[PDB]
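A.B. asks: Please find input24.txt (compact mmCIF, C-alpha atoms) on the next line:
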# COMPACT_ATOMS: atom_id res chain seq x y z
CA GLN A 12 -16.05 -5.10 14.43
CA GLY A 13 -18.48 -6.17 11.70
CA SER A 14 -19.39 -2.69 10.46
CA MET A 15 -15.64 -2.17 10.17
CA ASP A 16 -14.97 -5.61 8.76
CA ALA A 17 -17.11 -4.80 5.73
CA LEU A 18 -14.80 -1.84 5.14
CA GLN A 19 -11.53 -3.77 5.19
CA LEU A 20 -13.15 -6.04 2.60
CA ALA A 21 -13.95 -3.03 0.43
CA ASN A 22 -10.52 -1.52 0.99
CA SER A 23 -8.96 -4.84 -0.09
CA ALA A 24 -11.20 -5.21 -3.13
CA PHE A 25 -10.10 -1.73 -4.28
CA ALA A 26 -6.44 -2.50 -3.49
CA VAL A 27 -6.40 -5.43 -5.91
CA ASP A 28 -8.39 -3.46 -8.50
CA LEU A 29 -5.80 -0.68 -8.49
CA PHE A 30 -2.92 -3.15 -8.29
CA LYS A 31 -4.04 -4.89 -11.48
CA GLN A 32 -4.13 -1.45 -13.11
CA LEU A 33 -0.64 -0.41 -11.99
CA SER A 34 0.68 -3.73 -13.19
CA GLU A 35 -0.50 -3.35 -16.79
CA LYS A 36 1.13 0.08 -16.92
CA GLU A 37 4.48 -1.46 -15.88
CA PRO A 38 4.07 -5.07 -17.10
CA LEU A 39 7.72 -5.93 -16.32
CA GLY A 40 8.73 -3.58 -13.51
CA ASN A 41 8.30 -3.21 -9.75
CA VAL A 42 5.07 -1.99 -8.15
CA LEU A 43 4.39 -0.44 -4.77
CA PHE A 44 1.62 1.63 -3.20
CA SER A 45 -0.54 2.07 -0.12
CA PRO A 46 -4.14 1.05 -0.93
CA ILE A 47 -5.12 2.20 2.54
CA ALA A 48 -3.45 5.61 2.30
CA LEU A 49 -5.33 6.26 -0.93
CA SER A 50 -8.71 4.93 0.23
CA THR A 51 -8.60 7.06 3.36
CA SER A 52 -7.86 10.18 1.27
CA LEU A 53 -10.48 9.47 -1.39
CA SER A 54 -12.74 8.53 1.55
CA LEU A 55 -12.47 12.06 2.92
CA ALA A 56 -13.18 13.62 -0.46
CA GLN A 57 -16.38 11.54 -0.54
CA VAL A 58 -17.74 13.57 2.36
CA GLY A 59 -17.45 16.75 0.32
CA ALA A 60 -18.70 15.10 -2.86
CA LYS A 61 -22.35 14.69 -3.80
CA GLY A 62 -24.57 13.16 -6.47
CA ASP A 63 -22.80 11.36 -9.31
CA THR A 64 -19.31 12.12 -8.02
CA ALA A 65 -20.22 10.57 -4.66
CA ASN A 66 -21.68 7.40 -6.16
CA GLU A 67 -18.64 7.15 -8.42
CA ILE A 68 -16.33 7.09 -5.38
CA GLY A 69 -18.40 4.53 -3.53
CA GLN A 70 -18.45 2.37 -6.64
CA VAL A 71 -14.69 2.40 -7.27
CA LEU A 72 -13.72 2.28 -3.59
CA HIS A 73 -16.43 -0.28 -2.87
CA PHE A 74 -18.03 1.69 -0.04
CA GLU A 75 -21.26 0.66 -1.78
CA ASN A 76 -22.50 -0.92 1.46
CA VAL A 77 -20.28 -0.11 4.42
CA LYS A 78 -22.05 1.91 7.11
CA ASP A 79 -20.05 4.44 9.14
CA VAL A 80 -17.10 4.60 6.76
CA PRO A 81 -15.41 7.65 8.36
CA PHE A 82 -15.39 5.91 11.73
CA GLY A 83 -13.90 2.75 10.27
CA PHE A 84 -11.09 4.89 8.89
CA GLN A 85 -10.91 6.72 12.20
CA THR A 86 -9.86 3.40 13.78
CA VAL A 87 -7.34 2.16 11.21
CA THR A 88 -5.68 5.55 11.31
CA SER A 89 -5.47 5.68 15.11
CA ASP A 90 -4.02 2.16 14.95
CA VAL A 91 -1.41 2.89 12.27
CA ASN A 92 -0.43 6.15 13.97
CA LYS A 93 -0.16 4.57 17.42
CA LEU A 94 1.96 2.01 15.58
CA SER A 95 4.20 4.62 13.91
CA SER A 96 5.83 5.36 17.27
CA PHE A 97 6.69 1.69 17.85
CA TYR A 98 7.62 0.69 14.29
CA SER A 99 9.94 2.60 11.98
CA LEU A 100 6.79 3.30 9.95
CA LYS A 101 4.97 6.47 8.87
CA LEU A 102 1.86 6.88 6.71
CA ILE A 103 1.02 10.54 5.94
CA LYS A 104 -2.31 11.27 4.22
CA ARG A 105 -3.26 14.85 3.43
CA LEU A 106 -5.97 16.54 1.33
CA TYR A 107 -4.92 20.16 0.67
CA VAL A 108 -7.79 22.45 -0.32
CA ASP A 109 -7.49 25.97 -1.69
CA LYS A 110 -8.88 28.75 0.49
CA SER A 111 -10.97 29.93 -2.48
CA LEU A 112 -13.19 27.03 -1.39
CA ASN A 113 -15.11 28.38 1.59
CA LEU A 114 -15.45 24.98 3.24
CA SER A 115 -18.93 24.52 4.65
CA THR A 116 -18.87 24.22 8.44
CA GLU A 117 -20.73 20.91 8.43
CA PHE A 118 -18.05 19.28 6.27
CA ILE A 119 -15.36 20.69 8.57
CA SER A 120 -16.93 19.34 11.78
CA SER A 121 -18.31 16.20 10.16
CA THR A 122 -14.78 15.13 9.23
CA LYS A 123 -12.87 16.63 12.18
CA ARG A 124 -12.37 13.47 14.25
CA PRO A 125 -12.34 10.64 11.62
CA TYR A 126 -9.83 12.48 9.42
CA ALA A 127 -7.84 14.32 12.10
CA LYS A 128 -4.99 16.37 10.62
CA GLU A 129 -5.71 14.94 7.18
CA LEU A 130 -7.53 18.07 6.01
CA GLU A 131 -5.56 21.25 5.45
CA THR A 132 -6.56 24.49 3.76
CA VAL A 133 -3.85 26.37 1.87
CA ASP A 134 -3.53 29.17 -0.70
CA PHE A 135 -2.32 27.60 -3.97
CA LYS A 136 -4.00 30.46 -5.80
CA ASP A 137 -2.58 33.72 -4.49
CA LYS A 138 0.42 32.21 -2.67
CA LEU A 139 1.52 29.23 -4.76
CA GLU A 140 5.20 29.65 -4.09
CA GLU A 141 4.98 30.02 -0.29
CA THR A 142 2.43 27.21 -0.12
CA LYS A 143 4.55 24.63 -1.95
CA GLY A 144 7.40 25.64 0.32
CA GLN A 145 5.13 24.82 3.24
CA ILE A 146 3.84 21.48 1.96
CA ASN A 147 7.32 20.32 0.93
CA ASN A 148 8.85 21.07 4.34
CA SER A 149 5.72 19.84 6.14
CA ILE A 150 5.63 16.37 4.62
CA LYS A 151 9.39 16.26 5.12
CA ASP A 152 8.98 16.39 8.90
CA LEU A 153 6.00 14.07 9.03
CA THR A 154 8.01 11.43 7.16
CA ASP A 155 11.08 11.97 9.33
CA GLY A 156 13.03 13.25 6.35
CA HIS A 157 12.38 10.32 4.03
CA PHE A 158 10.53 12.61 1.62
CA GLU A 159 12.42 15.79 0.69
CA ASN A 160 10.39 17.41 -2.11
CA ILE A 161 7.08 15.58 -2.16
CA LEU A 162 5.94 18.08 -4.81
CA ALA A 163 7.06 17.64 -8.43
CA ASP A 164 7.79 20.24 -11.11
CA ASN A 165 4.21 20.68 -12.37
CA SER A 166 2.23 19.05 -9.59
CA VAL A 167 0.62 22.32 -8.47
CA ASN A 168 -0.05 25.78 -9.91
CA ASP A 169 -2.25 28.88 -9.56
CA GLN A 170 -5.19 26.70 -10.62
CA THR A 171 -4.92 23.88 -8.05
CA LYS A 172 -8.26 23.41 -6.26
CA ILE A 173 -7.97 20.17 -4.26
CA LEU A 174 -4.83 18.12 -3.74
CA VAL A 175 -4.35 14.58 -2.46
CA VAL A 176 -0.92 13.76 -1.02
CA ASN A 177 0.07 10.31 0.26
CA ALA A 178 3.60 9.88 1.53
CA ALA A 179 4.42 6.69 3.41
CA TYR A 180 7.58 4.80 4.19
CA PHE A 181 8.53 1.78 6.25
CA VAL A 182 11.76 0.12 7.24
CA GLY A 183 10.96 -3.48 8.08
CA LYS A 184 12.19 -5.10 11.29
CA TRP A 185 11.06 -8.74 11.42
CA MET A 186 10.13 -10.83 14.39
CA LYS A 187 12.76 -13.40 13.39
CA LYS A 188 15.86 -11.46 12.30
CA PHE A 189 18.05 -12.59 9.40
CA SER A 190 21.74 -13.12 10.11
CA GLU A 191 23.92 -10.77 8.06
CA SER A 192 26.50 -13.57 7.92
CA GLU A 193 23.97 -15.57 5.91
CA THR A 194 23.14 -12.94 3.31
CA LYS A 195 25.05 -13.48 0.09
CA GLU A 196 25.31 -12.13 -3.45
CA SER A 197 23.30 -14.38 -5.74
CA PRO A 198 21.31 -14.12 -8.97
CA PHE A 199 17.64 -13.11 -9.00
CA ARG A 200 15.75 -14.39 -12.06
CA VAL A 201 13.76 -11.74 -13.93
CA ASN A 202 12.41 -14.21 -16.49
CA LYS A 203 12.91 -17.86 -17.53
CA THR A 204 16.56 -17.41 -18.56
CA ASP A 205 17.79 -14.03 -17.24
CA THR A 206 19.16 -13.06 -13.85
CA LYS A 207 20.37 -9.94 -11.99
CA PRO A 208 22.69 -9.90 -8.93
CA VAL A 209 21.09 -9.33 -5.52
CA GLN A 210 21.75 -9.54 -1.80
CA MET A 211 19.79 -12.69 -0.85
CA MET A 212 18.84 -13.04 2.83
CA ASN A 213 18.90 -16.66 4.02
CA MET A 214 17.44 -18.29 7.14
CA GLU A 215 15.84 -21.52 8.32
CA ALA A 216 12.94 -21.23 10.73
CA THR A 217 9.27 -21.84 11.51
CA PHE A 218 6.88 -19.84 9.30
CA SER A 219 3.19 -20.14 8.54
CA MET A 220 2.68 -21.15 4.91
CA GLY A 221 0.82 -23.29 2.39
CA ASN A 222 0.38 -24.22 -1.27
CA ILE A 223 -2.07 -22.84 -3.80
CA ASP A 224 -2.10 -25.52 -6.48
CA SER A 225 -4.71 -23.62 -8.50
CA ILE A 226 -2.07 -21.04 -9.47
CA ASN A 227 0.77 -23.49 -8.83
CA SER A 228 2.31 -21.17 -6.24
CA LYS A 229 3.17 -20.88 -2.56
CA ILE A 230 2.09 -18.43 0.12
CA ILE A 231 4.07 -17.50 3.24
CA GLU A 232 3.56 -15.13 6.14
CA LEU A 233 6.63 -13.23 7.30
CA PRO A 234 5.46 -11.33 10.41
CA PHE A 235 7.12 -8.18 11.66
CA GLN A 236 8.34 -7.54 15.20
CA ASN A 237 5.47 -8.36 17.58
CA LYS A 238 3.13 -9.54 14.80
CA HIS A 239 1.51 -6.10 14.30
CA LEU A 240 2.13 -6.14 10.55
CA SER A 241 2.87 -9.18 8.37
CA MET A 242 4.39 -9.52 4.93
CA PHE A 243 2.77 -12.08 2.68
CA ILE A 244 4.94 -13.25 -0.21
CA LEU A 245 3.08 -15.07 -2.98
CA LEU A 246 5.65 -16.92 -5.09
CA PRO A 247 5.17 -19.21 -8.13
CA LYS A 248 6.87 -22.59 -7.77
CA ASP A 249 8.71 -21.78 -11.01
CA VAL A 250 8.88 -19.15 -13.80
CA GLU A 251 6.45 -20.62 -16.34
CA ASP A 252 5.59 -17.91 -18.88
CA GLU A 253 7.15 -15.50 -21.35
CA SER A 254 7.62 -12.72 -18.79
CA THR A 255 7.86 -12.44 -14.99
CA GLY A 256 6.14 -15.74 -14.30
CA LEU A 257 3.27 -13.90 -12.59
CA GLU A 258 0.98 -13.89 -15.63
CA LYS A 259 -1.34 -16.65 -14.40
CA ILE A 260 -1.26 -15.37 -10.80
CA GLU A 261 -2.34 -11.93 -11.93
CA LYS A 262 -5.01 -13.21 -14.32
CA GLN A 263 -6.70 -15.16 -11.48
CA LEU A 264 -6.15 -12.43 -8.87
CA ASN A 265 -9.17 -10.57 -7.46
CA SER A 266 -10.80 -9.43 -4.21
CA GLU A 267 -12.23 -12.91 -3.69
CA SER A 268 -9.23 -15.07 -4.62
CA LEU A 269 -6.70 -12.83 -2.88
CA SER A 270 -8.67 -13.21 0.35
CA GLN A 271 -8.40 -16.98 -0.10
CA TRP A 272 -4.74 -17.08 -1.12
CA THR A 273 -3.64 -15.11 1.95
CA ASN A 274 -5.95 -16.69 4.52
CA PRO A 275 -3.88 -17.55 7.61
CA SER A 276 -6.50 -20.01 8.86
CA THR A 277 -5.85 -22.45 6.03
CA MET A 278 -2.04 -22.33 6.32
CA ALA A 279 0.10 -24.09 8.96
CA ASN A 280 3.60 -23.73 10.47
CA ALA A 281 6.65 -25.40 8.94
CA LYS A 282 10.47 -25.35 9.21
CA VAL A 283 11.15 -23.23 6.11
CA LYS A 284 14.46 -22.76 4.31
CA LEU A 285 13.74 -19.08 3.76
CA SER A 286 15.53 -16.93 1.21
CA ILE A 287 14.00 -13.61 0.20
CA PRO A 288 15.97 -10.84 -1.62
CA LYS A 289 17.15 -7.87 0.38
CA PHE A 290 15.52 -4.82 -1.20
CA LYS A 291 14.54 -1.16 -1.03
CA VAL A 292 11.78 -0.06 -3.38
CA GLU A 293 10.82 3.59 -3.65
CA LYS A 294 8.06 4.27 -6.20
CA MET A 295 5.96 7.38 -6.85
CA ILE A 296 2.80 7.10 -8.95
CA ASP A 297 -0.01 9.21 -10.42
CA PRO A 298 -3.16 7.04 -9.98
CA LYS A 299 -5.15 9.63 -11.92
CA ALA A 300 -5.24 7.55 -15.11
CA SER A 301 -5.61 4.14 -13.46
CA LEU A 302 -8.43 5.65 -11.42
CA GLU A 303 -10.41 6.90 -14.40
CA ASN A 304 -10.16 3.40 -15.90
CA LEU A 305 -11.69 1.99 -12.72
CA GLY A 306 -14.59 4.42 -12.79
CA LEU A 307 -13.68 7.75 -11.22
CA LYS A 308 -14.51 10.22 -13.99
CA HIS A 309 -16.20 13.28 -12.52
CA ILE A 310 -13.97 13.65 -9.47
CA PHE A 311 -11.09 14.92 -11.69
CA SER A 312 -13.39 16.79 -14.09
CA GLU A 313 -13.69 20.50 -13.36
CA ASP A 314 -16.90 20.67 -15.42
CA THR A 315 -18.86 17.73 -13.99
CA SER A 316 -17.42 17.11 -10.54
CA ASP A 317 -19.95 17.83 -7.80
CA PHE A 318 -18.42 18.78 -4.46
CA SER A 319 -21.54 20.41 -3.05
CA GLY A 320 -21.17 19.24 0.54
CA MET A 321 -17.73 20.83 0.71
CA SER A 322 -17.92 24.26 -0.90
CA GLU A 323 -20.24 26.21 -3.16
CA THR A 324 -17.25 27.48 -5.16
CA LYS A 325 -17.11 26.44 -8.81
CA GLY A 326 -14.39 25.17 -11.11
CA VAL A 327 -13.53 22.94 -8.17
CA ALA A 328 -12.51 19.28 -8.53
CA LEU A 329 -9.75 16.88 -7.43
CA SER A 330 -6.75 18.42 -9.14
CA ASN A 331 -3.71 16.23 -8.44
CA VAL A 332 -2.92 12.98 -6.64
CA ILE A 333 0.59 12.50 -5.31
CA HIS A 334 1.35 9.01 -4.03
CA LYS A 335 4.90 8.24 -2.87
CA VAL A 336 5.84 5.03 -1.06
CA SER A 337 9.21 3.68 0.14
CA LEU A 338 9.63 0.11 1.48
CA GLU A 339 12.98 -1.23 2.62
CA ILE A 340 13.60 -4.84 3.62
CA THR A 341 16.73 -5.92 5.50
CA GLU A 342 17.95 -8.47 8.06
CA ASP A 343 16.93 -6.32 10.98
CA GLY A 344 14.62 -8.19 13.35
CA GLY A 345 14.20 -9.46 16.89
CA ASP A 346 15.28 -12.84 18.25
CA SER A 347 13.15 -15.94 18.30
CA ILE A 348 12.84 -19.31 19.98
CA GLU A 349 12.74 -22.38 17.74
CA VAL A 350 10.86 -25.54 18.68
CA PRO A 351 13.12 -28.40 19.98
CA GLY A 352 13.49 -30.32 16.72
CA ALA A 353 11.05 -29.32 13.97
CA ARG A 354 12.73 -31.85 11.67
CA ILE A 355 10.36 -34.82 12.06
CA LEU A 356 7.59 -33.03 13.96
CA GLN A 357 7.20 -30.34 11.28
CA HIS A 358 7.29 -30.22 7.45
CA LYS A 359 10.64 -29.00 6.14
CA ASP A 360 9.44 -26.91 3.18
CA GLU A 361 11.51 -24.26 1.37
CA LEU A 362 10.55 -20.84 0.01
CA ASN A 363 13.35 -19.51 -2.20
CA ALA A 364 12.04 -16.18 -3.49
CA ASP A 365 14.65 -15.74 -6.19
CA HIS A 366 12.17 -14.82 -8.91
CA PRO A 367 9.35 -12.25 -9.32
CA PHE A 368 6.72 -12.38 -6.58
CA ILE A 369 3.69 -10.39 -5.45
CA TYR A 370 3.43 -9.35 -1.80
CA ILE A 371 1.20 -7.41 0.58
CA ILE A 372 1.95 -5.93 3.96
CA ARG A 373 -1.15 -6.44 6.08
CA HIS A 374 -2.29 -4.85 9.31
CA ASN A 375 -3.09 -8.08 11.14
CA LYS A 376 -5.41 -6.48 13.71
CA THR A 377 -7.82 -5.24 11.03
CA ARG A 378 -6.58 -7.42 8.13
CA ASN A 379 -6.16 -4.20 6.14
CA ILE A 380 -3.55 -3.83 3.42
CA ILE A 381 -1.02 -1.09 4.14
CA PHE A 382 1.58 -1.77 1.42
CA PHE A 383 1.01 -3.73 -1.78
CA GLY A 384 3.50 -4.50 -4.51
CA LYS A 385 5.32 -6.70 -6.99
CA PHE A 386 9.05 -7.45 -7.07
CA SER A 387 9.93 -8.06 -10.72
CA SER A 388 13.62 -7.32 -10.16
CA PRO A 389 16.16 -4.99 -8.45
Mind turning this structure into structure tokens?

C.D. replies:
Amino acid sequence: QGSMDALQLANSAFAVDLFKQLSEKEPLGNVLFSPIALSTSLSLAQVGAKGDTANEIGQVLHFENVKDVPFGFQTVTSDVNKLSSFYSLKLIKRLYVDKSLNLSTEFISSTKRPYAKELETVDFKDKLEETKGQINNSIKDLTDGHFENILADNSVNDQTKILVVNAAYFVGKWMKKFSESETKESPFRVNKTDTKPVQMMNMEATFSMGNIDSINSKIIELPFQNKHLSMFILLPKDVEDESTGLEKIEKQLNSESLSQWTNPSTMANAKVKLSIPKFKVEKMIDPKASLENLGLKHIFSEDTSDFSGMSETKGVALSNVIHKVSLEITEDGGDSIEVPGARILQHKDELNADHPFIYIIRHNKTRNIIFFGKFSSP
């Protein structure tokens, strides 16, 4: 609970670090990824990696001082999976290794429980075409059909050694459903003066929130059915910059501050006039570049990578990294009781998210970040 807790802190530090990277690449567009999905995958590779490559992974992923990492991931995973049968959620992680890598038995048993079905050995080399056909159809079942051809044109070839694949989706169903008869077409500001049409969901109810005056913004927790996962929307009080209005929020964002800005302990319930845009974001990235910038160098290098504890084969190194994520937000949710008259016995604040905002979907039980993104526009 404390040996794990150090991990969620590392996983969150890395999440922000990679978020800040993916934001500079698309300074005015949407962002979306699963920090957890990626950390678990790169966490598995760290068991096969040695020397410099291993220290490089612990440095970038912050495992620097988190004992029993594989077990900590063993838990999150069992939680998220157990959750995938309740929620309309699915988070598939998979590290595909080429047979030409006689995987040492220790590595195979060492990571058999912590990383269950997340390690698969295929034949990219001699059977590239049949393999891809397998992976494509495989991931398609595991994501209930949400991901048809997880593999791109040139994502894998005769030379693919190791392959990371993260495919996750999630259709949100809140604890306090939105009434479709209250959703209406309205503008969504993309910058100081411009707007784009959007289906705005409107509701008035008790939500945990607060104000971060340091970044002149507001935080709010929108929990999902039976509070298992919660969405935290961080919205500026107004668009005050030459772009999205998230310039100052992003400049001050970091592992430390983020932890403070989304701390539920410091925020308290309030009758909120809630209006968040109805949306469906489906982004697919290639963290390869953003990852080198953070520190991972050797892991992708076929000349300096050191995956001793995995295979003795050479010319082996993390080849590709496929990361696809689809998040849809609607009015679907359960029903909820509302205190007698939260008019005078509760603050009547209002969170109108009609302009760019950053958000994270947290796994309340472990505080881990499952989904992380930015909504710059539709």

A.B. asks: Of the candidates A:92, A:41, A:312, A:241, which shows the shortest atom-to-atom distance to residue 372 of chain A, using all atoms listed in the file?

C.D. replies: A:241

A.B. asks: Residues within 12 Å of residue 258 of chain A, please, as a ChimeraX atom specification. Count all atoms listed in the file; anything in the same chain fewer than 5 positions from it doesn't count.

C.D. replies: /A:31,34-35,38-39,202,226-228,246-247,249-253,263-264,367-369,387

A.B. asks: Please determine an axis-aligned box that encloses all atoms of segment 332-351 of chain A listed in the file, with 4 Å added on each side, and express its centre and edge lengths in Å to one decimal as lines of an AutoDock Vina configuration file.

C.D. replies:
center_x = 7.5
center_y = -7.7
center_z = 6.7
size_x = 28.9
size_y = 49.4
size_z = 34.6

A.B. asks: Excluding same-chain residues fewer than 6 positions from segment 116-118 of chain A, what lies within 7 Å of it counting only C-alpha atoms, as a PyMOL selection string?

C.D. replies: chain A and resi 58-59+320-321

A.B. asks: Residues of the last selection are to be written out with C-alpha atoms, as an mmCIF file, in the coordinates of the input.

C.D. replies:
data_model
loop_
_atom_site.group_PDB
_atom_site.id
_atom_site.type_symbol
_atom_site.label_atom_id
_atom_site.label_comp_id
_atom_site.auth_asym_id
_atom_site.auth_seq_id
_atom_site.Cartn_x
_atom_site.Cartn_y
_atom_site.Cartn_z
ATOM 1 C CA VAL A 58 -17.740 13.570 2.360
ATOM 2 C CA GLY A 59 -17.450 16.750 0.320
ATOM 3 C CA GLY A 320 -21.170 19.240 0.540
ATOM 4 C CA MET A 321 -17.730 20.830 0.710
#

A.B. asks: Return the single residue from A:109, A:360, A:381, A:51 that is closest to residue 129 of chain A, with distances computed using only C-alpha atoms.

C.D. replies: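 Closest to residue 129 of chain A of all the choices is A:51.
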
A.B. asks: Tell me, in Å to one decimal, how far atom CA of residue 54 of chain A is from atom CA of residue 79 of chain A.

C.D. replies: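 Between these atoms lies a distance of 11.3 Å.
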
A.B. asks: Nearest residue to residue 100 of chain A out of A:199, A:30, A:126, A:235, using all atoms listed in the file?

C.D. replies: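 Ranking A:199, A:30, A:126, A:235 by distance to residue 100 of chain A, first place goes to A:235.
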
A.B. asks: Which is closest to residue 195 of chain A among A:74, A:63, A:342, A:122, if we use all atoms listed in the file?

C.D. replies: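 The shortest atom-to-atom distance to residue 195 of chain A comes from A:342.
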
A.B. asks: Would you mind listing what lies within 12 Å of residue 230 of chain A as a ChimeraX atom specification, with all atoms listed in the file counted and same-chain residues fewer than 2 positions away left out?

C.D. replies: /A:218-224,226-228,232-233,242-248,260,269-275,277-280,283,360-364,368-371

A.B. asks: Go ahead and write the selection's residues with C-alpha atoms as an mmCIF file, keeping the file's coordinate frame.

C.D. replies:
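The resulting file, part05.cif, is reproduced below:
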data_model
loop_
_atom_site.group_PDB
_atom_site.id
_atom_site.type_symbol
_atom_site.label_atom_id
_atom_site.label_comp_id
_atom_site.auth_asym_id
_atom_site.auth_seq_id
_atom_site.Cartn_x
_atom_site.Cartn_y
_atom_site.Cartn_z
ATOM 1 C CA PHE A 218 6.880 -19.840 9.300
ATOM 2 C CA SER A 219 3.190 -20.140 8.540
ATOM 3 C CA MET A 220 2.680 -21.150 4.910
ATOM 4 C CA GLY A 221 0.820 -23.290 2.390
ATOM 5 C CA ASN A 222 0.380 -24.220 -1.270
ATOM 6 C CA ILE A 223 -2.070 -22.840 -3.800
ATOM 7 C CA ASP A 224 -2.100 -25.520 -6.480
ATOM 8 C CA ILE A 226 -2.070 -21.040 -9.470
ATOM 9 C CA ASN A 227 0.770 -23.490 -8.830
ATOM 10 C CA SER A 228 2.310 -21.170 -6.240
ATOM 11 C CA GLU A 232 3.560 -15.130 6.140
ATOM 12 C CA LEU A 233 6.630 -13.230 7.300
ATOM 13 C CA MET A 242 4.390 -9.520 4.930
ATOM 14 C CA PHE A 243 2.770 -12.080 2.680
ATOM 15 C CA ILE A 244 4.940 -13.250 -0.210
ATOM 16 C CA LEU A 245 3.080 -15.070 -2.980
ATOM 17 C CA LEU A 246 5.650 -16.920 -5.090
ATOM 18 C CA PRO A 247 5.170 -19.210 -8.130
ATOM 19 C CA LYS A 248 6.870 -22.590 -7.770
ATOM 20 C CA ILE A 260 -1.260 -15.370 -10.800
ATOM 21 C CA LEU A 269 -6.700 -12.830 -2.880
ATOM 22 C CA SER A 270 -8.670 -13.210 0.350
ATOM 23 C CA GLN A 271 -8.400 -16.980 -0.100
ATOM 24 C CA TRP A 272 -4.740 -17.080 -1.120
ATOM 25 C CA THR A 273 -3.640 -15.110 1.950
ATOM 26 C CA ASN A 274 -5.950 -16.690 4.520
ATOM 27 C CA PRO A 275 -3.880 -17.550 7.610
ATOM 28 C CA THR A 277 -5.850 -22.450 6.030
ATOM 29 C CA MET A 278 -2.040 -22.330 6.320
ATOM 30 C CA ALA A 279 0.100 -24.090 8.960
ATOM 31 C CA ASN A 280 3.600 -23.730 10.470
ATOM 32 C CA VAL A 283 11.150 -23.230 6.110
ATOM 33 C CA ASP A 360 9.440 -26.910 3.180
ATOM 34 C CA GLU A 361 11.510 -24.260 1.370
ATOM 35 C CA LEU A 362 10.550 -20.840 0.010
ATOM 36 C CA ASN A 363 13.350 -19.510 -2.200
ATOM 37 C CA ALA A 364 12.040 -16.180 -3.490
ATOM 38 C CA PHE A 368 6.720 -12.380 -6.580
ATOM 39 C CA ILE A 369 3.690 -10.390 -5.450
ATOM 40 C CA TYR A 370 3.430 -9.350 -1.800
ATOM 41 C CA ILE A 371 1.200 -7.410 0.580
#

A.B. asks: Restricting the calculation to only C-alpha atoms, which member of A:240, A:186, A:173, A:201 is positioned closest to residue 94 of chain A?

C.D. replies: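 Smallest separation from residue 94 of chain A among the options: A:240.
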
A.B. asks: Go through A:152, A:97, A:229, A:174 and flag the residue nearest residue 132 of chain A, using all atoms listed in the file for the distances.

C.D. replies: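 Among the listed residues, A:174 lies closest to residue 132 of chain A.
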
A.B. asks: Kindly output segment 13-22 of chain A as a PDB file, in the coordinates of the input, after building N, CA, C and O atoms.

C.D. replies:
ATOM      1  N   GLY A  13     -17.839  -5.582  12.873  1.00  0.00           N
ATOM      2  CA  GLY A  13     -18.480  -6.170  11.700  1.00  0.00           C
ATOM      3  C   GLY A  13     -18.832  -5.054  10.726  1.00  0.00           C
ATOM      4  O   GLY A  13     -18.894  -5.268   9.513  1.00  0.00           O
ATOM      5  N   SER A  14     -19.073  -3.862  11.272  1.00  0.00           N
ATOM      6  CA  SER A  14     -19.390  -2.690  10.460  1.00  0.00           C
ATOM      7  C   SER A  14     -18.072  -2.167   9.904  1.00  0.00           C
ATOM      8  O   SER A  14     -18.036  -1.434   8.914  1.00  0.00           O
ATOM      9  N   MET A  15     -16.987  -2.553  10.571  1.00  0.00           N
ATOM     10  CA  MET A  15     -15.640  -2.170  10.170  1.00  0.00           C
ATOM     11  C   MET A  15     -15.141  -3.220   9.194  1.00  0.00           C
ATOM     12  O   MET A  15     -14.554  -2.910   8.159  1.00  0.00           O
ATOM     13  N   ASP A  16     -15.383  -4.473   9.554  1.00  0.00           N
ATOM     14  CA  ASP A  16     -14.970  -5.610   8.760  1.00  0.00           C
ATOM     15  C   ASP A  16     -15.436  -5.559   7.313  1.00  0.00           C
ATOM     16  O   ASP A  16     -14.777  -6.103   6.427  1.00  0.00           O
ATOM     17  N   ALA A  17     -16.579  -4.918   7.079  1.00  0.00           N
ATOM     18  CA  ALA A  17     -17.110  -4.800   5.730  1.00  0.00           C
ATOM     19  C   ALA A  17     -16.231  -3.827   4.958  1.00  0.00           C
ATOM     20  O   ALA A  17     -16.049  -3.957   3.744  1.00  0.00           O
ATOM     21  N   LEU A  18     -15.681  -2.861   5.693  1.00  0.00           N
ATOM     22  CA  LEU A  18     -14.800  -1.840   5.140  1.00  0.00           C
ATOM     23  C   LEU A  18     -13.455  -2.412   4.693  1.00  0.00           C
ATOM     24  O   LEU A  18     -12.999  -2.143   3.579  1.00  0.00           O
ATOM     25  N   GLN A  19     -12.814  -3.195   5.555  1.00  0.00           N
ATOM     26  CA  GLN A  19     -11.530  -3.770   5.190  1.00  0.00           C
ATOM     27  C   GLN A  19     -11.716  -4.607   3.926  1.00  0.00           C
ATOM     28  O   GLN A  19     -10.817  -4.678   3.084  1.00  0.00           O
ATOM     29  N   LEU A  20     -12.887  -5.225   3.779  1.00  0.00           N
ATOM     30  CA  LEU A  20     -13.150  -6.040   2.600  1.00  0.00           C
ATOM     31  C   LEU A  20     -13.232  -5.167   1.372  1.00  0.00           C
ATOM     32  O   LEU A  20     -12.770  -5.551   0.297  1.00  0.00           O
ATOM     33  N   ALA A  21     -13.824  -3.986   1.536  1.00  0.00           N
ATOM     34  CA  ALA A  21     -13.950  -3.030   0.430  1.00  0.00           C
ATOM     35  C   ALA A  21     -12.575  -2.473   0.115  1.00  0.00           C
ATOM     36  O   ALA A  21     -12.169  -2.424  -1.043  1.00  0.00           O
ATOM     37  N   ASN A  22     -11.856  -2.061   1.156  1.00  0.00           N
ATOM     38  CA  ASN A  22     -10.520  -1.520   0.990  1.00  0.00           C
ATOM     39  C   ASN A  22      -9.570  -2.510   0.307  1.00  0.00           C
ATOM     40  O   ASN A  22      -8.650  -2.100  -0.406  1.00  0.00           O
TER      41      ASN A  22
END
